[PDB]
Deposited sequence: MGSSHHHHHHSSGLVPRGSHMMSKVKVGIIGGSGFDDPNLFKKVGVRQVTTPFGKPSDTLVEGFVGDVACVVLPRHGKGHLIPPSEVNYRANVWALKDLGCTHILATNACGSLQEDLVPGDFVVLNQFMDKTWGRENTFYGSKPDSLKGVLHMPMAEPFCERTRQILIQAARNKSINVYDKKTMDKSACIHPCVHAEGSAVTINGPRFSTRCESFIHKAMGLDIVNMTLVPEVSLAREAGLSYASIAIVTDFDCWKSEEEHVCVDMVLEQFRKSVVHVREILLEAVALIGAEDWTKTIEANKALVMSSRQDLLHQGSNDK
């Protein structure tokens, strides 16, 4: 019943997380996904891998068909989506090499299809107004964090640990992301403004992927990879080692997801979609 979709960002243009069982060239009512979808098994848990930018990373963040990617995963029977998201750090405690299991975001994107529903032929009929107060699936967030612990990777929770317990590299138990449209990076002026707003990282791909996953009735969680500090503070090796440990986290997270019942969580996801219909 549980099937785990994986959307790989930078460093995961072609992951190979398991032996490929089948390759799926699909289309959706909202167009074609970034690439073909690879189906397989992690242990006894069915799993589907999909590169957000395509195999060659030729599709910029603003042009990614988030609808197609999410809906395609949904059509294949995924109940969860795990995503990676490379990012810049807006805080001194978040150091290149750290990961962040996001729990909040601020949206500054535009010109992207951010919803499956509407009044145009491009969309499913209805007006969907989805609650996003806490935009991720909390259970699945805690999976990612527990996965890191299982793989002996440091975890820092600012709510229960003081500064001295922050050993790098570490996974930050929470954090907020600002999603900019791209493709350019932020100016120093924009970086300081975001930092003053209390944001933790800056990224170009989280939104509307996270929003559409909830719309599709899926449990979604992102692991953000701190590649560098954003330009408020004036290499490839740290990122190479990062994807190795992110691979471990993803593989362990899939197993942890399959080790539990999700019947009521899946049911509540579906009901929230139906209850958010305004029409």
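Several segments of the deposited sequence are absent from the coordinates, namely 1-23, 258-266, 312-320.
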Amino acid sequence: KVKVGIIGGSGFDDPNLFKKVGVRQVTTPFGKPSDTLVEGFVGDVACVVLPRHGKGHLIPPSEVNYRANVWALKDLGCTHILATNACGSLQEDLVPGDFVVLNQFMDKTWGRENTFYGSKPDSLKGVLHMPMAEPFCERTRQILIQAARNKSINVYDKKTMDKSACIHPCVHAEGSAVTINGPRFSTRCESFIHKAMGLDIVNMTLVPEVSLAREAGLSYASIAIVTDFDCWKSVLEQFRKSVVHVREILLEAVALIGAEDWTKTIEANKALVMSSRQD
From here on, numbers count along this sequence of modelled residues.
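In the record comparison, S234 is unmodelled in at least a third of the other entries of this protein that model the residues flanking it.
Relative to one another, 207-215 and 249-257 have unequal mean CA B-factors, and 249-257 is the one with the higher figure. A summary of the deposited B-factors shows that, of 66-74 and 223-231, the stretch with the larger mean C-alpha value is 223-231. Remark: of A133, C166, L102, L199, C166 shows the highest value [criterion: C-alpha B-factor in the PDB entry]. Ranked against the other modelled residues of its chain, the C-alpha B-factor of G11 as given in the entry falls in the middle third. The deposited CA B-factor of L144 belongs to the lowest third of values across its chain. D98: CA B factor in the middle third of modelled residues in this chain (values from the PDB entry). Ranked within its chain, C189 lands in the middle third, by CA B factor from the PDB record.
Per the deposited record, the Cα B-factor of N181 falls in the middle third when ranked against the other modelled residues of its chain.
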